[PDB]
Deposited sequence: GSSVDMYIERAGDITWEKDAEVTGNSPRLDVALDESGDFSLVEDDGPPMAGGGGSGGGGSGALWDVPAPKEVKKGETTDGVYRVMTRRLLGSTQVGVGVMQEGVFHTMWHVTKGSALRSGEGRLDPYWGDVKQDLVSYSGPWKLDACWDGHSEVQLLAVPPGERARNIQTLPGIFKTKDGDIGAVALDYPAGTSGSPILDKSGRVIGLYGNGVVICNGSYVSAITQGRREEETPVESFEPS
């Protein structure tokens, strides 16, 4: 039994993308007996690891030889930061295309340019990436044209003001 993170690539906006403990994007992996599972994805920015609460459930993560303890979490927002407070502040303008840096289980990271739908929720309107990825892709970062993370896959995108 071992929960660990594994670099899958850099976070950048890609110009010609397909259309429908260093910083970067990581798979969250779990080893239990003879099995190996991708349980999710997250973002290392300014030495803080960001993912969704349901991916880790606050469990400590191995990175390399080191160990990352949960710093901050909210089950309601379904978010968790490791080694530091939440660092992702960018919001979606509500009209611009975004890029999903999808990291599906057993597959390479790839950017996919897409237009979020607006979804009516309890709290109000939020953006959502309407794309189907297999279980364990959740936490994949959503990027604005400036390469800043505007949300995590499964968790939606907040619209500004």
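Within the chain's deposited sequence, the coordinate-free stretches run 1-3, 24-76, 218-241 in sequence order.
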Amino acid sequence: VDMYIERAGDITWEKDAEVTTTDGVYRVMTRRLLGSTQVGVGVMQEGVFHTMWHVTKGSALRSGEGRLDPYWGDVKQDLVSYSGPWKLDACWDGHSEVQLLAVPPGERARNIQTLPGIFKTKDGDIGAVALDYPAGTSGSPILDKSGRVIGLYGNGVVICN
From here on, numbers count along this sequence of modelled residues.
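For the pair 6-14 and 138-146, the record assigns the higher mean C-alpha temperature factor to 6-14. For the two regions 126-134 and 32-40, the entry's Cα B-factors average higher over 126-134. In this PDB entry, residue 51 carries a Cα temperature factor that places it within the lowest third of its chain's modelled residues. In the deposited entry, the Cα temperature factor of residue 95 sits in the middle third of values across the chain's modelled residues. In the deposited entry, the Cα temperature factor of residue 70 places it in the middle third of its chain's modelled residues. In the deposited entry, the Cα temperature factor of residue 120 sits in the top third of values across the chain's modelled residues.
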